[PDB]
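**Student:** For the sequence shown, the entry's author numbering assigns the number 3 to the initial residue and increments by one for each residue that follows.
Even for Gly, the Cβ is constructed at its ideal location relative to N, Cα and C.
Have a look at the structure that comes next, please.
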Amino acid sequence: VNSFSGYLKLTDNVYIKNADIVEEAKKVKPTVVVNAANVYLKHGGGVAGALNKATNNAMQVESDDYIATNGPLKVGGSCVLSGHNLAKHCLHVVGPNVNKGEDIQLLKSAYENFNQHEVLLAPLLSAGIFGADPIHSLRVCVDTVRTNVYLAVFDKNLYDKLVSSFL
Ligand SMILES: O=c1[nH]nc([C@H]2CCCN(c3ncnc4[nH]ccc34)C2)o1
Numbered sequence: 003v004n005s006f007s008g009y010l011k012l013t014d015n016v017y018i019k020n021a022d023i024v025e026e027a028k029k030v031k032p033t034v035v036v037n038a039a040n041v042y043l044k045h046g047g048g049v050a051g052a053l054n055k056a057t058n059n060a061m062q063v064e065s066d067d068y069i070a071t072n073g074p075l076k077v078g079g080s081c082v083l084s085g086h087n088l089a090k091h092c093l094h095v096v097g098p099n100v101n102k103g104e105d106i107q108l109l110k111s112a113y114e115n116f117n118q119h120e121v122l123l124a125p126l127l128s129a130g131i132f133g134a135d136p137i138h139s140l141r142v143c144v145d146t147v148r149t150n151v152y153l154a155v156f157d158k159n160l161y162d163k164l165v166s167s168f169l
């Protein structure tokens, strides 16, 4: 039993809710919240900008130190950093950005990072300002993630479309 509330069950292990991931993290305080990161951990907009803003920029400060030490992530890769006031940990995962021409096949590699964590609160990777089709992202999620994932979809219109079109 866990504290996630109001989710629709899509499969054995994937759940979905129309929710602001920032507000959901603040309420549940999950072990892991996933950030829709880029390779530079520059949290300017989208989910990343919103999560970082909610940490009062502490996520960005920590991220800048991480990059200065380790260099950029790979597209499809991830790193575990603090969850600050939102979660125990933040898993920063880099989905391909279609608006940069990155290979959509890397979306499966990106979701594989979730399998290293038993339970996660997450957005749909590569959706929103990353330019991919969110229906496709949900399909890859369901077909790749085997651990328990609670997906937060900000847009109510998109949430209803994802549910109604789910196979
Ligand atoms: O307006 C739109 N069009 N496409 C989106 C998705 C992609 C980027 C943001 N993403 C989120 N998912 C869950 N929580 C969130 N908080 C803030 C953002 C957010 C949804 O948003």
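#1: If I follow the unbroken alpha helix (DSSP H) through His138, where does it start and stop?
#2: Alpha helix (DSSP H) containing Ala89: first to last residue?
#3: Measure the beta-carbon distance from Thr13 to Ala89 and round it to whole angstroms, keeping in mind my assumption that it falls under 8 Å.
#4: Look at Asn4 and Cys92 and say whether their C-beta atoms are less than 8 Å apart.
#5: In or out: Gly78 buried (at least 16 other Cβ within 10 Å) or exposed?
#6: For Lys158, which residues of its own chain have a beta-carbon under 6 Å away from its beta-carbon, when the five flanking residues on both sides are left out?
#7: Between the alpha carbons of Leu127 and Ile137, how many angstroms are there, rounded?
#8: Tell me the DSSP secondary structure of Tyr17 in three-state form.
#9: Taking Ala56 as part of the alpha helix (DSSP H), name the residues at either end of that continuous run.
#10: Where the beta carbon is closer than 6 Å to any heavy atom of ligand 1, which residues qualify, in chain order?
#11: Within its chain, find whatever has a CB closer than 7 Å to the CB of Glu114; leave out the 5 residues flanking it on each side and keep chain order.
#12: What distance in whole Å lies between the Cβ atoms of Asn15 and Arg141, which are believed to be in contact at a cut-off of 8 Å?
#13: Assuming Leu109 and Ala154 are in contact, meaning their beta carbons sit under 8 Å apart, how far apart are those beta carbons, in whole angstroms?
#14: Whose C-beta lies closer than 7 Å to the C-beta of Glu26 among residues of the same chain, with five residues either side of it excluded?
#15: May I ask you to list the residues that DSSP assigns as paired with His94?
**Tutor:** Here's the rundown:
#1: Position 136 of the sequence shown holds residue 138. Per DSSP, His138 belongs to the alpha helix (DSSP H) from 136-146.
#2: Numbered from 1 along the sequence shown, position 87 holds the residue referred to as residue 89. Judged by DSSP secondary structure, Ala89 falls outside any alpha helix (DSSP H); it is assigned neither H nor E.
#3: If you number the sequence shown from 1, residue 13 lands on position 11. If you number the sequence shown from 1, residue 89 lands on position 87. So it is not a contact: roughly 23 Å between Cβ atoms.
#4: Indexing the sequence shown from 1 puts residue 4 at position 2. Indexing the sequence shown from 1 puts residue 92 at position 90. No; because the gap between Cβ atoms is not below 8 Å, this pair is not in contact.
#5: Within the sequence shown, residue 78 is the residue found at index 76, counting from 1. Burial call: buried.
#6: Along the sequence shown, read from residue 1 onward, the residue named residue 158 stands at position 156. Taken in chain order, the residues that qualify are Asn20.
#7: Within the sequence shown, numbered from 1, the residue matching residue 127 stands at position 125. Within the sequence shown, numbered from 1, the residue matching residue 137 stands at position 135. Cα-Cα distance, rounded: 11 Å.
#8: Working through the sequence shown from its first residue, we reach residue 17 at position 15. In this structure, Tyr17 counts as strand in the three-state DSSP scheme.
#9: On the sequence shown, residue 56 is found 54 positions in, with the first residue counted as 1. Under the DSSP assignment, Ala56 falls in the alpha helix (DSSP H) whose first and last residues are 48-56.
#10: Checking every Cβ against the heavy atoms of ligand 1 under 6 Å gives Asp22, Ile23, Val24, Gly48, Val49, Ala52, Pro125, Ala129, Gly130, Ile131, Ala154, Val155, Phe156, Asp157.
#11: Along the sequence shown, read from residue 1 onward, the residue named residue 114 stands at position 112. Around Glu114: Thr146.
#12: Position 139 of the sequence shown, counted from the start, is the residue given in the question as residue 141. Position 13 of the sequence shown, counted from the start, is the residue given in the question as residue 15. Rounded, the Cβ-Cβ distance is 14 Å, inconsistent with contact.
#13: Position 107 of the sequence shown, counted from the first residue, corresponds to residue 109. Position 152 of the sequence shown, counted from the first residue, corresponds to residue 154. Between the beta-carbon of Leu109 and that of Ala154 there is about 18 Å, and that puts the pair past the 8 Å contact cut.
#14: Here residue 26 is taken as the residue at index 24 of the sequence shown, counted from 1. Within the same chain, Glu26 has close Cβ partners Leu123, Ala154.
#15: Mapped onto the sequence shown, residue 94 falls at position 92. DSSP lists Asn37, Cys81 as the bridge partner or partners of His94.
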